[PDB]
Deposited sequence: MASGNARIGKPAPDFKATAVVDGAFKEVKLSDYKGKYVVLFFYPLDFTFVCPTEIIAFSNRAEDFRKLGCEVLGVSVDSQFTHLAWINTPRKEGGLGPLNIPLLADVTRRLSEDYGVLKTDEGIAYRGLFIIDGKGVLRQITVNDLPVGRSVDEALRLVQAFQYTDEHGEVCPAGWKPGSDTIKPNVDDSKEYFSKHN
């Protein structure tokens, strides 16, 4: 894809579930703040969404560092909302303190280089963008990390 350390981070625009409702979210809304953008594969799987819950737990920890967190999968906003409104006993996520972006066109995952072209889903990926829109960190792998994410958003301010 188009993600390059030290260059303006690839721009993005998506419908998110932000507190039970739908909002267009775009990178330019976060001018002057850090952004952790993380990608994950699929809503509603049988794997513990440790990752998503951890981030949502620590989200105010990130907000005190001047940093919003954004989750992304290829699922629609209608599926994110449903997944949030399902409780963790029937499988779901419960309420959530971070947007979940819908990447139904798959252009965000493509722009960021994390699209598993064979399967149409995102790798687990994490990107840190600074208050000026500059991509400062790239991380990509496979099976299921929030602590290092916080290390890093401090580090770039230390």
Numbered from 1 on the deposited sequence, the unmodelled stretches are 1 to 3, 148 to 150, 165 to 198
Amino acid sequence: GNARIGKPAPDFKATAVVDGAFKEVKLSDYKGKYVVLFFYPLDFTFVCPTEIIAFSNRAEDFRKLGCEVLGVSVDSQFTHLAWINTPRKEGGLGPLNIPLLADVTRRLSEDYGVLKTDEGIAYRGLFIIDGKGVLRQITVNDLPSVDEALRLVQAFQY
From here on, numbers count along this sequence of modelled residues.
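Here the rigid core means the biggest group of C-alpha atoms that line up within 1.5 Å when the two forms are laid on top of each other.
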Could you check whether 86 to 94 or 125 to 133 drifts more from the shown form in 4 other deposited structures of this protein, using RMS Cα distance once the core is superposed?
-> 86 to 94
If you line up the core and then measure how far each C-alpha sits from this form in 4 other deposited structures of this protein, which stretch comes out higher, 38 to 46 or 51 to 59?
-> 38 to 46
Can you let me know which of the two, 112 to 120 or 48 to 56, has the higher average C-alpha B-factor in the entry?
-> 48 to 56
Looking only at C-alpha temperature factors in the entry, 70 to 78 or 84 to 92, the higher average sits in 84 to 92
What's the residue among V17, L150, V25, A9 with the greatest CA temperature factor in the PDB record?
-> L150
Just say lowest, middle or highest third for the CA B-factor of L42 relative to the other modelled residues in its chain.
-> lowest
Name the third of the chain's ranked CA B-factors that contains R63, choosing lowest, middle or highest.
-> highest
By the record's CA B-factor, is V146 among the lowest, middle or highest third of residues in the chain?
-> highest
Based on the entry's values, in what third of the chain does the Cα temperature factor of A155 lie: lowest, middle or highest?
-> highest
By the record's CA B-factor, is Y34 among the lowest, middle or highest third of residues in the chain?
-> highest
